[PDB]
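Quick setup: one chain, the form deposited in one PDB entry, written in structure tokens, and binding and motion questions come after.
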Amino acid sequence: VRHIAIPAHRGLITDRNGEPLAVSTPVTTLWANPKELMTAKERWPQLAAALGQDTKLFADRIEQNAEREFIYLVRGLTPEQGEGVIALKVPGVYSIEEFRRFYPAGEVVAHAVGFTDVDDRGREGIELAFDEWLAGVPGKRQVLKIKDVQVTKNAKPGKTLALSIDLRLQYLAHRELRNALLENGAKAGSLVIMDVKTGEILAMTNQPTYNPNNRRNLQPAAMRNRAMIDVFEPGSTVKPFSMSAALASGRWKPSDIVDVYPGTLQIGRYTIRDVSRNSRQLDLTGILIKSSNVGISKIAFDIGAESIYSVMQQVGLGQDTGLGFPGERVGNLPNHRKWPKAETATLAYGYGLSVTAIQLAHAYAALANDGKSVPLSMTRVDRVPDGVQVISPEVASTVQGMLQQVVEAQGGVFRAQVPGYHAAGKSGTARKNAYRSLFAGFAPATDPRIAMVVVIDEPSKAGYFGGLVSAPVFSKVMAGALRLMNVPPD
């Protein structure tokens, strides 16, 4: 009496609208009892020829395993192809019906969904993260070795999982990122779209991508879930959080002026140096438009690093996302007892830390959601968790308006402008002369619905900054995402 396990049917993964993303598909695994096979050797060359194997290599396998009362031959043939072999009627050739995953959207949502191993266990993406929920519990039955004595346990199927992903926005993001990588001859890239109200990840695409239905020649670079794994210094894209701290201090208002002449600031031995050095007096919006490191450094010395560090920590920078995905990196938000001037300045202009595109999107979602953080979700949210109010609604509103001016004002990031709508955001450049071009923003600016981060890894064409490399991708994908979600033009 042997106990043999009945595989459970793995749960269906859908997008937020019920579009199938991962489906357990019937296949046939052909095993054999060598000791039986050993009695039908004249059938072997026909079995071999069928099974794709070579006659002598196949004969060699069976002969040495002449002791074992079981071994596999082939796993997950089609039901009717593996029947053309059950049609040879070779003694000792029995078969199991099994499930394999199919991924209808393939490379478009590869990293987010991931894939299963040969045992049908989650190995990447959601397949891994919700392996328990999807796998179910296999059943078993007592068998003589002849006859199935009884089902001693019932194989219960895995449960259905609806992702936060909108496959329509995922196709738009995948296509627009792919096109931007080839126009800038870039190595790699990420694009994350979030619902600012619900914490839902509506799209997560990485380039390069792969077909999880065919992982034969799978390069590790194609497999890398960059949005959740790649850490970088977010540079000018975290200046809105430095500004949030400045406006919450009671010492700063948007019409306040900082003298950034002559584009440099000596702090003892170290000199802070602006990317553009053609300014004296700038208002707070101007400090953002110019991305003046001098401007944000003087504000940071006035308010203290502690206030900036606290805002950055509260919007989740350098913190666990709680998404429980395989590779994900948390990055680093460094803390100090005593913040010297250098570390105060570098934190303020975004080199004092490292973040992922997902953390950066999540921080932008909090700012867009009038200062209320909502936990990240890769699964459809029906009941929205209570937020944490991490930035006062009034500060969040003021910083939103500044970021709208960053995109729309004269001297601003005009390429980020969204045809149809008011958008808000900040470009950045994170040096690895290899660098990442960043853009982080949300729309509509006056009533935000969507936050988005674009990362372009080593753009290898003339165009340098976030403000012309990443910003146009944000424009096209945001215009598309807002209309697919029937968000009314403002």
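Just so we're on the same page, rigid core means the largest C-alpha set that superposes within 1.5 Å between forms. For every residue, the number given is its place in the sequence shown, counted from 1.
Below: the form deposited in another entry, not depicted.
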Item to complete: Using a core superposition, identify the member of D283, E408, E98, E394 whose Cα displacement between the shown form and the other one reaches 2 Å or more.
Response: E98
Worksheet item: So, does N214 move by 2 Å or more at the CA between the shown form and the other one, with the core held fixed?
Response: no
Worksheet item: Taking the rigid core as the reference frame, is the Cα of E36 displaced by 2 Å or more between the shown form and the other one?
Response: yes
Worksheet item: Once the two forms are fit on the core, has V231 moved its CA by at least 2 Å between the shown form and the other one?
Response: no
